[PDB]
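Next come the chains, spelled out residue by residue.
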Amino acid sequence: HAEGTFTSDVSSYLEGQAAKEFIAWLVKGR
């Protein structure tokens, strides 16, 4: 922890994961 100090990963992962919702929306919209 200490903004860079590992923390980066865990967060980026949350982001990288979350994205799906919209990534798929464009199909999972009809």
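Thresholds, definitions, all that
- In this document, residue positions are counted from 1 along each chain in sequence order, independent of how the entry numbers them, and residues without coordinates are left out.
- Hydrogen atoms and water are omitted, and side-chain values are computed over all heavy atoms in the structure.
- In DSSP terms, a helix is any run of H or I states spanning at least four residues, a strand is any run of E spanning at least two, and both are numbered starting from the N terminus.
- Here's how the labels work: a residue is buried when its accessible area is under 20% of the maximum for its type, exposed when over 50%, partly exposed in between, all with a 1.4 Å probe on protein chains only.
- Each accessible area value is a Shrake-Rupley result obtained with a 1.4 Å probe; residue values ignore everything except the protein chains displayed when judging cover.

K.L.:
Any chance you could explain the overall build of the chain here in plain terms?
P.N.:
Tallying secondary structure elements over the chain gives two helices and zero strands in all. C-alpha extents for the chain along the principal axes are approximately 45 × 10 × 5 Å. In the chain, which comprises 30 residues, the proportion classed as buried is 0%. On the chain, roughly 2800 Å² of surface is accessible, and the fraction owed to carbon and sulfur atoms is 68%.

K.L.:
How do you make sense of unusual backbone geometry when you look at a structure like this?
P.N.:
Keep in mind that most residues, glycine aside, have a negative phi and that most peptide bonds are trans. With phi around 110°, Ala2 is a residue other than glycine that occupies positive phi space. Secondary-structure assignment places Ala2 in the segment before α1 (8-18). For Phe6, which is not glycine, the phi torsion reads 75° and is therefore positive.

K.L.:
How do you make sense of the environment of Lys20 when you look at a structure like this?
P.N.:
With respect to the helices and strands, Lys20 occurs in helix α2 (residues 20-25). Given the relative accessible area of 38%, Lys20 is considered partly exposed. Note: C-alpha distance between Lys20 and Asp9 (eleven residues apart in sequence) is 18 Å.

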